[PDB]
């Protein structure tokens, strides 16, 4: 592990505060602009959709990435939510109500057992089984997110290889000739302090760079900063053009 304070400039150019954590898989070395924040545990919010997806698939709650989950008919504030979705779109649009139904079906006993198996954050599911990742007791740090992701990347999680592959497919966010990004955004607004998350990895031709970032998010206006800052760090480090 190494601290590289220079990345703070990317946060400060925006009158922002946060942490970005990178892990060079080939070299087995990590980097961050704030080792302490890197280790600070927060509510995962939508980043919980990764483990939630894995558990639902492994248990058969979700058959495959094509099964459609009908809109429940309640008009919510995010337009994209008011439609039918499959696993790929539910993740893409961070569709809470679909994931809430997955959690309810999985149930508290299975959820807790799986999180323990996953070694995920504090492994705590107190609160509602369908909202703990939002207003409950689960907590996870950026380094912890990296550890979880590495296991997923290597198919080492305690679920089927198939489930892991489907989830990794679902995580696809951007791709071109230069790189592939598999990731998940997060936005915690129920319990202070409000924060934004971006976690995942960058696949290159001969390496993979895992990343986990979070930043203070007082308002929604700064949401795009989650990707923008992470990318600036990635550019500075020559990981992406």
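Residue numbers count along the first chain shown, from 1.
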28-36 set against 169-177, stretch whose average Cα temperature factor tops the other in the entry: 28-36
Regarding 68-76 and 136-144, which shows the higher C-alpha temperature factor on average in the entry? 68-76
Looking at the C-alpha B-factor values in the deposited entry, which of 208, 183, 59, 191 comes out highest? 191
Residue 196, C-alpha B-factor rank within chain (lowest, middle or highest third): highest
So where's residue 55 on the chain's Cα temperature factor ranking, which third? lowest
